[PDB]
């Protein structure tokens, strides 16, 4: 009777149709029919992102692509644990309140000026985003933004207080593109192509360094009258208590090891997924140093996302095993030989950046990273470039809400108009496709 039940029923019909009607070697039919089925369920989200992910192995297994255990093992991938370390590391510094002190210390650095208030709000949202989440950093930033935007309270004076809202909304998404922990797409890319933490930062951080100014400049050069106003630093001041220095200590050490992982691991005998070990080490150091309880990490952890990771890897393998990867590569062979490498990555970049407006960031990467990376491998090229590209591009949701929760969070603020965001985003999207295709061209040789 419901909308989504129909989407699902329609999808079941679509599969049954594709299955009985496509004219290929049986494996390819099955692979294509599945790829289509899942593609729908993740882009529509008729079933939860995670329920769909659990559906992948169960299909794989029932259609004899893999054996139950083999399909399930997909879920214990090392990256999934590296991401659990991220959740624990965040769990700690939220419950400890280290996210509050980093907000005040940097926010009070601005003596009482609105010019250097919001400009220090975007820098904090993005910095906090690098390690925490996008949705978490958005909902955590909202009261701190509405707090500041209460002196220039006149909401007939909207564009002073819309530049500041939509600013952090993007700063949370752009801050996600900094490191391997931060947003699921990045992790999906890492798991698909086997990136180290320090590998995804070599790509991502320079892009966030570039993108955040470019995003503010575009929001700025629309309707900003913010060079005026005063502050209201209203609430109890913060102070480093029982080892917020310790949480910072562990965090710092953890980040240090993640960066210097290459020479540390190499000069240790070369352990296998050193970054995942570091991440698990953090979960231990944080528990031995008593700084955060487990129930805290179990609440903070988005296990739904952790299951999505495995389900998407399961899919990636379903594509190889059924040969659907090679079949598509054969089909696209003429199209891609006629297209220049510029043309291809411009088309890829454009596609995602606009697709990601219609569906979840991760849900988009969950679908696209496998399809592309595997087809890339069928062409005998390194699946890294396309994957990292899609990873970044999926986190470029700037037009409407529903694109990302961070958009729908500053939107429920019953103030910003649908039309307004839709056109700053339309600009920033094109602006991004430039920067990405640009940087993607640069990181070639």
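Numbering follows the first chain given and starts at 1.
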- Query: In a third or more of the other entries compared, is residue 148 missing its coordinates?
  - Reply: no
- What about residue 256, is it left unmodelled in a third or more of the other PDB entries we looked at? no
- Item | Residue range whose averaged C-alpha B-factor is higher in the record, 194 to 202 or 315 to 323 | 194 to 202
- Query: Of the two stretches 377 to 385 and 32 to 40, which shows the higher Cα B-factor on average in the entry?
  - Reply: 377 to 385
- Could you check 309, 87, 220, 81 and tell me which one carries the biggest Cα B-factor in the deposited entry? 220
- Note on the structure: For 161, 303, 354, 75, the deposited C-alpha B-factor is largest at 161
- Consider only the C-alpha atoms of the modelled residues in this chain, order them by B-factor as the entry records it, and name the third containing residue 213: lowest, middle or highest. middle
- Message: Splitting the chain's C-alpha B-factors into thirds, which one does residue 123 fall into?
- Response: middle
- Message: Using the temperature factors of the C-alpha atoms in this entry, rank residue 168 within its chain: lowest, middle or highest third.
- Response: highest
- What third of its chain, lowest, middle or highest, does the C-alpha temperature factor of residue 414 fall into? highest
- Task: State the tercile, meaning the lowest, middle or highest third, of residue 441 with respect to the CA B-factors recorded for its chain.
- Result: highest
